[PDB]
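Each chain is listed here by its residues.
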Amino acid sequence: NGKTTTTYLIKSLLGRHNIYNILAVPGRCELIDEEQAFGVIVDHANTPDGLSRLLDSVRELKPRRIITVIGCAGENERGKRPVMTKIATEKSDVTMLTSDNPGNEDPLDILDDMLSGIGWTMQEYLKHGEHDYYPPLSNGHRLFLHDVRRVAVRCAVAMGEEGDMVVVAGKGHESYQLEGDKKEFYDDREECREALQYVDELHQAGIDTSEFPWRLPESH
Amino acid sequence: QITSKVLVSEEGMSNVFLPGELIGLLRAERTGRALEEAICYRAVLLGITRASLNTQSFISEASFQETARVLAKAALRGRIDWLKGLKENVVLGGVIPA
Amino acid sequence: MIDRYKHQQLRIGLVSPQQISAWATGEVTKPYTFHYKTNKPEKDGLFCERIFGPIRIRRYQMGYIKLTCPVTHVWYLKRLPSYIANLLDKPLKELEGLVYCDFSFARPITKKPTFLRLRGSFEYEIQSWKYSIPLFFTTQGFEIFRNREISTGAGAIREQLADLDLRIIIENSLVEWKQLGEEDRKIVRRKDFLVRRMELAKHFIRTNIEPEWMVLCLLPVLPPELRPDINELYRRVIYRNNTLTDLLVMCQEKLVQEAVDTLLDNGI
Amino acid sequence: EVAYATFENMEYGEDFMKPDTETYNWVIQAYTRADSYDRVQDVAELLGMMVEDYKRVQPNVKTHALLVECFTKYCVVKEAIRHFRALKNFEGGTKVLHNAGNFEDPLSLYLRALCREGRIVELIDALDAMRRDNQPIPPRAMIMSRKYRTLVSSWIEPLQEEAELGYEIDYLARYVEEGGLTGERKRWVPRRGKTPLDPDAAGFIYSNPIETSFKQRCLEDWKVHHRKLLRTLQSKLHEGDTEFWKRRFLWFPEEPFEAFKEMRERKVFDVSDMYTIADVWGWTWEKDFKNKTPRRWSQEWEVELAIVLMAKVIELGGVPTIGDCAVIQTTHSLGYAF
Amino acid sequence: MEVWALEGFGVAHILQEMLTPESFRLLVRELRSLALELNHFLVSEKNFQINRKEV
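Residues numbered from 1 in each chain as written, not as in the entry; some residues may be left out. Chains lettered and ligands numbered in written order. Part of a larger assembly, values for the part shown. Heavy atoms only, no water. Residues with missing side-chain atoms left out of burial classes, pairs and counts.

cryo-EM is the method the PDB entry states for this structure, with the resolution given as 2.49 Å.

1. Some thoughts on helix α8 (residues 188–204) of chain A
With 17 residues, α8 of chain A extends 25 Å from end C-alpha to end C-alpha; this agrees with the ideal 24 Å at 1.5 Å per step. Maximum bend of α8 of chain A: about 40°, positioned at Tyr198 of chain A. Burial in α8 of chain A covers these residues: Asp188, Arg189, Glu191, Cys192, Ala195, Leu196, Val199, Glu201 and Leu202 of chain A. Lining the buried residues of α8 of chain A we find β1 (30–31), β2 (39–42), α7 (149–157) and β6 (165–168) of chain A together with α6 (132–136) of chain C. Trailing α8 of chain A by a residue or two, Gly206 of chain A shows a phi angle of about 85°, which is positive. (Helix = DSSP H or I, 4+ residues; strand = E, 2+ residues; numbered from the N terminus. Expected span 1.5 Å × (residues − 1). Bend = angle between axes of the 7 residues up to and from the residue. Buried < 20%, exposed > 50% of the residue type's maximum accessible area, 1.4 Å probe, protein only. Contact = heavy atoms within 4.5 Å.)

2. Remarks on the arrangement of the chains
Of all eight pairs of chains sharing an interface, the pair with the highest contact count is chains A and C. Chain A shows no contact with chain B. Their nearest C-alpha atoms sit 28 Å apart. The two units chain A and chain E are non-contacting; their minimal C-alpha-C-alpha distance is 33 Å.

3. Focus on the side chain of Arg189 of chain A
All names here are of chain A. Structurally, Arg189 can be placed in helix α8. At 2.7 Å, the side chain of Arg189 forms a polar contact with the side chain of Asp187. Once you skip the residues sitting within four places of it in the chain, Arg189 turns out to touch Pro26, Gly27, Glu30, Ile32, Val42, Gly172 and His173. (Polar contact = N/O pair within 3.5 Å; in protein donor to acceptor, adjacent residues only side chain to side chain.)

4. Topic: the packing of aromatic side chains
Under the counting rule described, the total for this entry stands at 29 aromatic pairs over all chains. On the basis of an interplanar angle of 15° and a centroid distance of 4.6 Å, the ring pair of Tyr125 of chain A and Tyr134 of chain A is categorised as stacked. Overall, the relative accessible area of 0% leaves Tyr125 of chain A in the buried class. Ring geometry for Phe214 of chain D versus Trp301 of chain D: centroids 4.9 Å apart, planes at 75°, classification edge-to-face. Each member of the pair, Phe214 of chain D as well as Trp301 of chain D, carries the same accessibility label: buried. Taken together, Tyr125, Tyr134, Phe144, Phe212 and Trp214 of chain A together with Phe115, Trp129, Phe136, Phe137, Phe142 and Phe145 of chain C form an aromatic cluster joined through their ring pairs. Its end group placed over the ring of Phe52 of chain C, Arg227 of chain C keeps NZ or CZ at 5.5 Å from the ring centre. (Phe/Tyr/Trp six-rings, centres within 6.5 Å; stacked < 30°, edge-to-face > 60°. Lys NZ or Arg CZ within 6 Å of the ring centre and 35° of its normal.)

Printed below as a string of structure tokens:
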């Protein structure tokens, strides 16, 4: 742990794990700063214990809420899909499930495996969408879902408030989103960077993006 | 042919008959003896025009009157014509079963 | 005696886009009938010899037109009582404007995630949907999920038909039918609507006809020998359909949809 | 239609060609196992023709097994119950209906349809017939829902909800045991197509019946009986009593009873034509199940049915789940701890 | 009316000669222009095999 950040420091930061690195970075709790009131960090954590360690380091910073964007790779690592959802829903105030690297597997099938870790199914979630209301979990946390990673990342940034933290885990510094066989170019840092710029015009347009679904001015 | 049909009453709802369905009199009689599934029906007098548009052959109906309405309904349910009648086989150019 | 058994049957059914292609292969792409100078059939036209045969197979060989935008079949939309309107449980007035007027339908689908609280038919346009949302998600990323929150044209209807749960329709119609029973010209009329809807749903379940085939994606073309009026209607559909694919708008989709309605059943 | 053409050759032929009981069974079986289209009206009319031939044709075990299978598939449950009662009196009985698990296991579908509609009293009586025939409950009958409940407890009416169990459910254990590590898991993702997502809809023509609790069924039965009472008040129930209606039955005249007399004088209709399937097939037990006031649901009644039902399932080879026990000594006999 | 008279006599083969198929093959193509298919199937009374006639 801490080899990459220490190497960057030695050649030339958030959490107490970076204090050790200072005593002794792309995708390593990388803060995305655009002069806003909430922190946005992009990390490469894609394992149940990596996510648990990451979310416990965020909680010690004392944010008001933690908003986590997480997904699972397709065709591989089928055992962590329910595990990472249980961890995210018990450590994050709002959880946004999405697609990390579907490959040749359907993204809604992976999300169904993830939903099984908290006792849900895709059909039940879609039924709640028809009634335009997604209920909270047993612990009072919120879970939302969208199979398009670009939509889910930016919608989570739009849910940020004053003194919150938005954690975009899974990819980190990787710059590809594998769909089918093509490795389409996709950078998580750019999506967070661009969503912060245009979140102001979205709010003054009357749109309420506090949760799912959004409340447009012309919707009741 | 005018007096061989009954109309399933508006209150007769089941998985066998639907309300407003046109069924043969003999079929309705036989089902009544064997079931108590809300088989409620009244005799209806069908004019020879209306009786000719409620046959067992969509080909005969489509060649008689209102072809577009007949074919649109039959095509949506995959209706099958077993070619028992005479005009059905005349259209197909075969040998009539008589 | 034993009857000399003879079992012959013929059936009609709505045709899939795949079966339409299988008929032709064969795509007619030019509105040309015959060359002026050579007096020969124009290549890839309504009389193309590579599509229909040399100038007997021209009496039986079909072609097809690849529509850039899907169009509803006028038999199942306008001929009262409407089949599409009855199956979708929406009044034909609110559903005809989705085809021929400048309306848009929100939340056309229910089997994929959505995040906007829009629903129903919007006669106007959503103000934020024009600038703010496409800018926030970028245009390239917006086009992926655009036709999942609100759609327009006959294509929106086809998405509703394709996403219908026919077994849900039967149970919802039955419970609503009984609820009216426990409780004067509207109650009786609504009961007849529910019986037709559940009858329609049952036939789709036990057959191989898909309800989304009521919206045409491909347009079969009559063989040339049967059209030595119809030719002008075909050219009109091809002309506007080629115009629409050059632009790629909604006003042009109405022109394509209206032309197909004229070709299939005029006077409606 | 192939088999029905041969049947018509026999029905409208000479005396030595007339259909027998086996002939009706073959034609009924052809329609029940048709590949496409709705055939329930064809079967019901054939049944009426067979009943009209009672003086010469009587049913056997196969006739009732086919009719139970047909009405269950089309979810005409109340008619499947009538023919299952007649099937009980035949030795072998439920095994013939089981069909060795073929044709979507009609024995299990009958049990599932009774569970889905809250007809628990009928469901227990069905299990009694299976016991006397040495017939174990098939796995298709013991299918498990998402909340891990079976027919033992699916009609107690917190519906589609789990029980407390005294501890948190391990959803990762369920994920592994459902094939989540090898790609063999059942995904509950809605998809386009006319194929039901629920595995309990397999075998039915138009999906399984909607879930109705035992409490709703008793309430609905209670309302229907009083609707009949209100209908006869405007005009004791006598439904199915042919002898009573024959007594009341005893230009056509506009007056009803005068018209009935003219129908007999002109031989239009007489009391010899007044018979139902119950009285020509010797259904002496059906007068016990009709014209009686239904029993009102009580939570105590629901519990004792569940204890009886759970005992029958265990002694017939079924394993109720840990969730089923909590919803309802027997829990620990299965190796479960709360 | 001429068809009806022939049917009343039961002269099935005379009626077939006076009608003859191009009348039905052309009908199928015109129905295909409306996205409808009209298939003619023969079911064998011997082995129950379904044959799609070339129409």
